[PDB]
$ cat start_8.csv   # CSV, C-alpha atoms and all ligand atoms
chain,number,residue,atom,x,y,z
A,1,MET,CA,0.0,0.0,0.0
A,2,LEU,CA,1.1,3.6,-0.7
A,3,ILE,CA,2.0,5.9,2.2
A,4,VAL,CA,-0.9,8.1,3.4
A,5,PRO,CA,-0.8,11.1,3.3
A,6,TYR,CA,0.4,10.8,-0.3
A,7,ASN,CA,1.7,13.5,-2.6
A,8,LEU,CA,1.1,13.1,-6.3
A,9,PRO,CA,2.9,15.8,-8.4
A,10,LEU,CA,0.9,17.2,-11.3
A,11,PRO,CA,3.6,18.5,-13.6
A,12,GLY,CA,2.7,21.8,-15.1
A,13,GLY,CA,-0.6,21.8,-13.2
A,14,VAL,CA,-3.9,20.6,-14.6
A,15,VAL,CA,-5.6,21.2,-17.9
A,16,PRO,CA,-9.0,20.2,-19.4
A,17,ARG,CA,-8.9,16.5,-20.5
A,18,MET,CA,-6.6,15.5,-17.6
A,19,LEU,CA,-8.1,12.5,-15.7
A,20,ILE,CA,-6.8,11.7,-12.2
A,21,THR,CA,-7.6,8.2,-10.8
A,22,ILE,CA,-7.3,7.3,-7.1
A,23,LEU,CA,-7.8,3.6,-6.1
A,24,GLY,CA,-8.0,2.6,-2.5
A,25,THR,CA,-10.1,0.9,0.2
A,26,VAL,CA,-11.9,2.8,3.0
A,27,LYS,CA,-10.7,1.7,6.5
A,28,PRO,CA,-13.4,-0.2,8.5
A,29,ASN,CA,-14.2,2.6,11.0
A,30,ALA,CA,-13.6,5.6,8.8
A,31,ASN,CA,-14.2,9.2,9.8
A,32,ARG,CA,-13.0,11.1,6.7
A,33,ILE,CA,-11.0,11.1,3.5
A,34,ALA,CA,-9.5,14.1,1.7
A,35,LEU,CA,-8.2,15.0,-1.8
A,36,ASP,CA,-6.5,18.4,-2.0
A,37,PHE,CA,-5.6,19.7,-5.4
A,38,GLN,CA,-3.1,22.4,-4.4
A,39,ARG,CA,-1.7,25.6,-6.0
A,40,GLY,CA,1.2,26.2,-3.6
A,41,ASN,CA,-0.4,26.7,-0.2
A,42,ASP,CA,-3.8,27.3,-1.8
A,43,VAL,CA,-6.2,24.4,-2.2
A,44,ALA,CA,-8.0,24.8,-5.5
A,45,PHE,CA,-10.3,21.8,-4.9
A,46,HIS,CA,-10.7,20.1,-1.6
A,47,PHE,CA,-12.9,16.9,-1.8
A,48,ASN,CA,-13.8,15.7,1.7
A,49,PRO,CA,-16.1,12.7,2.4
A,50,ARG,CA,-17.2,12.9,6.0
A,51,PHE,CA,-18.6,9.6,7.4
A,52,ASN,CA,-20.0,11.2,10.6
A,53,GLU,CA,-20.9,14.9,10.5
A,54,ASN,CA,-23.8,15.1,13.0
A,55,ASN,CA,-24.5,11.4,12.4
A,56,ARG,CA,-24.8,11.8,8.6
A,57,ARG,CA,-22.5,11.1,5.7
A,58,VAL,CA,-21.8,14.0,3.5
A,59,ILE,CA,-19.2,15.2,0.8
A,60,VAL,CA,-17.8,18.6,1.6
A,61,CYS,CA,-16.0,20.5,-1.2
A,62,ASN,CA,-14.2,23.8,-0.9
A,63,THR,CA,-11.3,26.0,-1.8
A,64,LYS,CA,-8.6,27.5,0.5
A,65,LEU,CA,-7.1,30.9,-0.5
A,66,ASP,CA,-4.4,32.7,1.6
A,67,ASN,CA,-4.9,30.1,4.3
A,68,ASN,CA,-8.7,30.7,4.5
A,69,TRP,CA,-11.5,28.3,3.6
A,70,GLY,CA,-14.3,29.6,1.4
A,71,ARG,CA,-17.9,28.7,1.0
A,72,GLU,CA,-18.5,24.9,1.3
A,73,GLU,CA,-20.4,23.0,-1.4
A,74,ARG,CA,-22.2,19.9,0.0
A,75,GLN,CA,-23.2,16.7,-1.8
A,76,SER,CA,-25.5,14.4,0.3
A,77,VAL,CA,-25.1,11.6,-2.3
A,78,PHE,CA,-22.4,9.4,-0.6
A,79,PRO,CA,-21.1,6.4,-2.5
A,80,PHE,CA,-18.3,5.3,-0.1
A,81,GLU,CA,-18.6,2.6,2.5
A,82,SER,CA,-16.3,1.7,5.3
A,83,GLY,CA,-14.3,-1.3,4.4
A,84,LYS,CA,-14.9,-1.2,0.7
A,85,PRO,CA,-12.7,-0.6,-2.4
A,86,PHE,CA,-13.3,2.6,-4.4
A,87,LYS,CA,-12.2,4.4,-7.5
A,88,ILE,CA,-12.3,8.2,-7.5
A,89,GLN,CA,-11.9,9.8,-10.9
A,90,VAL,CA,-11.5,13.5,-11.3
A,91,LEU,CA,-11.8,14.8,-14.8
A,92,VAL,CA,-10.7,18.4,-15.4
A,93,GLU,CA,-13.2,20.2,-17.7
A,94,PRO,CA,-13.1,23.8,-18.9
A,95,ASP,CA,-15.3,25.2,-16.1
A,96,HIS,CA,-15.2,22.5,-13.4
A,97,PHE,CA,-13.7,19.4,-11.9
A,98,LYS,CA,-16.0,16.4,-12.6
A,99,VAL,CA,-15.9,13.6,-10.0
A,100,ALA,CA,-17.1,10.1,-10.6
A,101,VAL,CA,-16.9,7.3,-8.0
A,102,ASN,CA,-17.0,3.7,-9.0
A,103,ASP,CA,-17.9,4.7,-12.5
A,104,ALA,CA,-20.9,6.8,-11.5
A,105,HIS,CA,-21.1,10.5,-11.7
A,106,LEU,CA,-21.0,12.1,-8.3
A,107,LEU,CA,-20.5,15.9,-8.5
A,108,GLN,CA,-18.9,18.8,-10.3
A,109,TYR,CA,-17.0,21.7,-8.6
A,110,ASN,CA,-16.7,24.9,-10.6
A,111,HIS,CA,-13.2,26.4,-10.9
A,112,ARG,CA,-12.5,29.1,-8.3
A,113,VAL,CA,-8.8,29.0,-8.9
A,114,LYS,CA,-8.2,30.2,-12.5
A,115,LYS,CA,-4.6,29.3,-13.0
A,116,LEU,CA,-5.1,25.6,-13.7
A,117,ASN,CA,-1.5,25.1,-14.8
A,118,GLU,CA,-0.3,26.1,-11.3
A,119,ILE,CA,-2.4,23.4,-9.5
A,120,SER,CA,0.7,21.2,-9.3
A,121,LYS,CA,0.1,18.8,-6.4
A,122,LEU,CA,-2.6,16.4,-5.3
A,123,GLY,CA,-2.6,15.4,-1.7
A,124,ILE,CA,-4.5,12.3,-0.6
A,125,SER,CA,-5.1,11.7,3.1
A,126,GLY,CA,-7.4,10.2,5.6
A,127,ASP,CA,-8.9,6.9,6.5
A,128,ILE,CA,-7.9,4.8,3.5
A,129,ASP,CA,-5.6,2.1,2.3
A,130,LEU,CA,-4.2,3.7,-0.8
A,131,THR,CA,-3.6,1.4,-3.8
A,132,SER,CA,-2.6,3.8,-6.5
A,133,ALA,CA,-2.8,7.4,-7.7
A,134,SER,CA,-2.2,8.3,-11.3
A,135,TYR,CA,-3.2,10.5,-14.2
A,136,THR,CA,-3.7,10.4,-17.9
A,137,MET,CA,-4.9,12.5,-20.8
A,138,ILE,CA,-8.1,11.6,-22.5
B,201,LIG,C1,-12.0,20.7,10.3
B,201,LIG,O1,-11.2,21.1,9.2
B,201,LIG,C2,-12.0,21.1,8.0
B,201,LIG,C3,-11.0,21.2,6.8
B,201,LIG,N1,-10.1,20.2,6.8
B,201,LIG,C4,-10.2,18.8,6.7
B,201,LIG,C5,-9.0,18.3,6.7
B,201,LIG,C6,-8.5,17.0,6.7
B,201,LIG,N2,-9.2,16.0,6.3
B,201,LIG,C7,-8.5,14.8,6.3
B,201,LIG,CL1,-9.2,13.4,5.8
B,201,LIG,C8,-7.2,14.9,6.7
B,201,LIG,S1,-6.9,16.5,7.1
B,201,LIG,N3,-8.1,19.3,7.0
B,201,LIG,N4,-8.7,20.5,7.0
B,201,LIG,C9,-11.8,21.3,5.5
B,201,LIG,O2,-12.5,20.1,5.3
B,201,LIG,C10,-12.7,22.5,5.6
B,201,LIG,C11,-13.6,22.6,4.3
B,201,LIG,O3,-14.4,23.8,4.4
B,201,LIG,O4,-13.6,22.3,6.7
B,201,LIG,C12,-13.0,22.2,7.9
B,201,LIG,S2,-12.2,23.8,8.5
B,201,LIG,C13,-13.6,24.8,8.3
B,201,LIG,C14,-14.0,25.4,7.2
B,201,LIG,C15,-15.1,26.3,7.2
B,201,LIG,BR1,-15.7,27.1,5.7
B,201,LIG,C16,-15.8,26.5,8.4
B,201,LIG,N5,-15.3,26.0,9.5
B,201,LIG,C17,-14.3,25.2,9.5
B,201,LIG,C18,-13.8,24.7,10.8
B,201,LIG,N6,-13.5,24.2,11.8
B,202,CL,CL,4.3,5.5,-1.0
B,203,CL,CL,-6.0,32.0,-9.8
B,204,CL,CL,-4.2,27.6,-16.8
B,205,CL,CL,1.4,23.2,-6.1
B,206,CL,CL,0.5,8.8,-13.5
B,207,MG,MG,5.2,28.5,-13.3

$ encode --input "start_8.csv" --output "structure tokens"
Amino acid sequence: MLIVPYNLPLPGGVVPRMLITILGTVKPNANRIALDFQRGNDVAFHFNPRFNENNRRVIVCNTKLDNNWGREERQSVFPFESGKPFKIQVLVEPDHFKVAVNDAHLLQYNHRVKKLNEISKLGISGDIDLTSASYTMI
């Protein structure tokens, strides 16, 4: 298994048609998972499944600019399960990140950070066994 937290460099940042694939298994008693697409210290796209926020499961997405979190976007559709293998795919589109989990569309997150070619790191962290993290063009 890969080390968590894991850094995946994104050389020259992201661009529309870039597909990022994360394979792993959720730990049995999970609390949270995070993907952080970073531009230096800023987080262009934070994707944060929470398994127990007020006894509900929710996806929180946000952006961090100058060390400050912005307005959260919430998705109540929650395809993860403690103990189970998952595939997260993040497809960069012109106006948004598109996320599919286990080959089913989950959400989109509109670009707040404009300089896509400076979003040069993906951090992966939280309650997972991480199998692989990769990217390709489509
Ligand atoms: C708890 O922190 C979380 C942040 N967070 C999660 C993680 C990690 N997850 C894993 Cl997995 C490993 S590390 N690190 N930072 C982030 O999810 C943020 C999204 O808006 O919400 C709160 S901070 C926050 C943001 C807003 Br807007 C309002 N209040 C608060 C607070 N407190
Ligand atoms: Cl590793
Ligand atoms: Cl920007
Ligand atoms: Cl760009
Ligand atoms: Cl970066
Ligand atoms: Cl790769
Ligand atoms: Mg540069």

$ atom_distance --input "start_8.csv" --atom1 "atom CA of residue A:87" --atom2 "atom CA of residue A:25"
8.7 Å

$ residues_near_ligand --input "start_8.csv" --ligand "ligand MG 207 (chain B)" --cutoff "10 Å" --atoms "all atoms listed in the file" --output "ChimeraX atom specification"
/A:12-13,115,117-120

$ closest_residue --input "start_8.csv" --among "A:70, A:16, A:83, A:24" --to "residue A:42" --atoms "all atoms listed in the file"
A:70

$ closest_atom_pairs --input "start_8.csv" --of "stretch 67-86 of chain A" --to "stretch 97-107 of chain A" --cutoff "10 Å" --atoms "only C-alpha atoms" --output "tab-separated table"
residue	atom	partner	partner_atom	distance
A:74	CA	A:107	CA	9.5
A:75	CA	A:107	CA	7.3
A:76	CA	A:106	CA	10.0
A:77	CA	A:106	CA	7.3
A:78	CA	A:106	CA	8.3
A:79	CA	A:101	CA	7.0
A:80	CA	A:101	CA	8.3
A:85	CA	A:102	CA	9.0
A:86	CA	A:102	CA	6.0

$ residues_near_point --input "start_8.csv" --point "(-9.5, 9.6, -0.9)" --cutoff "7 Å" --atoms "only C-alpha atoms" --output "list in words"
residues 22, 33, 34, 35, 124, 125, 126 and 128 of chain A

$ closest_residue --input "start_8.csv" --among "A:95, A:127, A:81, A:36" --to "residue A:63" --atoms "only C-alpha atoms"
A:36

$ closest_residue --input "start_8.csv" --among "A:91, A:5, A:66, A:110" --to "residue A:39" --atoms "all atoms listed in the file"
A:66

$ residues_around --input "start_8.csv" --residues "stretch 47-53 of chain A" --least-positions-apart "2" --cutoff "6 Å" --atoms "only C-alpha atoms" --output "number ranges by chain"
A: 31-35, 55-61

$ decode --input "start_8.csv" --residues "stretch 13-110 of chain A" --atoms "C-alpha atoms" --output "short mmCIF file (atom, residue, chain, number, x, y, z; two decimals), in the first residue's frame"
data_model
loop_
_atom_site.label_atom_id
_atom_site.label_comp_id
_atom_site.auth_asym_id
_atom_site.auth_seq_id
_atom_site.Cartn_x
_atom_site.Cartn_y
_atom_site.Cartn_z
CA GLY A 13 -0.60 21.75 -13.25
CA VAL A 14 -3.88 20.56 -14.58
CA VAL A 15 -5.63 21.15 -17.91
CA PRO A 16 -8.97 20.19 -19.41
CA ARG A 17 -8.88 16.51 -20.47
CA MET A 18 -6.61 15.48 -17.63
CA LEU A 19 -8.07 12.52 -15.70
CA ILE A 20 -6.81 11.72 -12.19
CA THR A 21 -7.60 8.24 -10.80
CA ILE A 22 -7.32 7.28 -7.12
CA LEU A 23 -7.80 3.60 -6.14
CA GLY A 24 -8.01 2.56 -2.53
CA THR A 25 -10.08 0.91 0.17
CA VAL A 26 -11.87 2.75 2.95
CA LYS A 27 -10.73 1.72 6.45
CA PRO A 28 -13.39 -0.16 8.49
CA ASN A 29 -14.18 2.60 11.00
CA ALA A 30 -13.65 5.57 8.75
CA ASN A 31 -14.17 9.19 9.75
CA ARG A 32 -12.99 11.13 6.71
CA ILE A 33 -11.03 11.14 3.46
CA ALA A 34 -9.51 14.15 1.65
CA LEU A 35 -8.21 14.97 -1.79
CA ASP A 36 -6.46 18.36 -2.02
CA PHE A 37 -5.61 19.75 -5.45
CA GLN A 38 -3.14 22.45 -4.43
CA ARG A 39 -1.69 25.58 -6.00
CA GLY A 40 1.21 26.20 -3.63
CA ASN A 41 -0.36 26.72 -0.20
CA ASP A 42 -3.79 27.28 -1.77
CA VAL A 43 -6.22 24.41 -2.20
CA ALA A 44 -7.99 24.82 -5.53
CA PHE A 45 -10.26 21.83 -4.89
CA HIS A 46 -10.71 20.05 -1.55
CA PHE A 47 -12.92 16.95 -1.76
CA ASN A 48 -13.76 15.68 1.73
CA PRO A 49 -16.08 12.72 2.37
CA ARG A 50 -17.16 12.86 6.03
CA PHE A 51 -18.60 9.64 7.45
CA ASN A 52 -20.04 11.19 10.64
CA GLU A 53 -20.90 14.85 10.54
CA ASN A 54 -23.83 15.13 12.95
CA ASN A 55 -24.48 11.41 12.42
CA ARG A 56 -24.84 11.76 8.64
CA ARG A 57 -22.47 11.07 5.75
CA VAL A 58 -21.75 14.03 3.46
CA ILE A 59 -19.22 15.16 0.83
CA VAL A 60 -17.79 18.64 1.61
CA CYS A 61 -15.96 20.48 -1.16
CA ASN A 62 -14.18 23.83 -0.86
CA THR A 63 -11.25 26.04 -1.80
CA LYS A 64 -8.60 27.50 0.53
CA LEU A 65 -7.09 30.86 -0.47
CA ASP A 66 -4.43 32.68 1.56
CA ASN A 67 -4.91 30.12 4.32
CA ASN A 68 -8.73 30.75 4.51
CA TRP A 69 -11.51 28.28 3.60
CA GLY A 70 -14.28 29.60 1.38
CA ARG A 71 -17.94 28.70 0.98
CA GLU A 72 -18.47 24.92 1.30
CA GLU A 73 -20.36 22.96 -1.37
CA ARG A 74 -22.17 19.86 -0.03
CA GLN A 75 -23.19 16.72 -1.75
CA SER A 76 -25.49 14.42 0.29
CA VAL A 77 -25.06 11.56 -2.28
CA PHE A 78 -22.43 9.41 -0.57
CA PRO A 79 -21.11 6.38 -2.54
CA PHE A 80 -18.34 5.32 -0.14
CA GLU A 81 -18.63 2.56 2.45
CA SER A 82 -16.30 1.73 5.30
CA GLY A 83 -14.26 -1.34 4.41
CA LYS A 84 -14.90 -1.21 0.68
CA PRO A 85 -12.68 -0.59 -2.37
CA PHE A 86 -13.33 2.57 -4.35
CA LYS A 87 -12.21 4.36 -7.47
CA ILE A 88 -12.31 8.18 -7.54
CA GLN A 89 -11.86 9.80 -10.88
CA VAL A 90 -11.45 13.50 -11.27
CA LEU A 91 -11.77 14.78 -14.84
CA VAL A 92 -10.68 18.36 -15.40
CA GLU A 93 -13.19 20.15 -17.65
CA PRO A 94 -13.09 23.79 -18.85
CA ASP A 95 -15.32 25.18 -16.08
CA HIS A 96 -15.25 22.46 -13.40
CA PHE A 97 -13.72 19.38 -11.90
CA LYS A 98 -16.01 16.43 -12.63
CA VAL A 99 -15.91 13.61 -10.05
CA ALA A 100 -17.09 10.05 -10.62
CA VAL A 101 -16.86 7.32 -7.98
CA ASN A 102 -17.01 3.66 -8.97
CA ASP A 103 -17.88 4.72 -12.55
CA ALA A 104 -20.90 6.77 -11.51
CA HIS A 105 -21.07 10.55 -11.75
CA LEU A 106 -21.00 12.15 -8.30
CA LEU A 107 -20.52 15.94 -8.51
CA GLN A 108 -18.95 18.84 -10.28
CA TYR A 109 -17.00 21.68 -8.65
CA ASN A 110 -16.68 24.90 -10.61
#
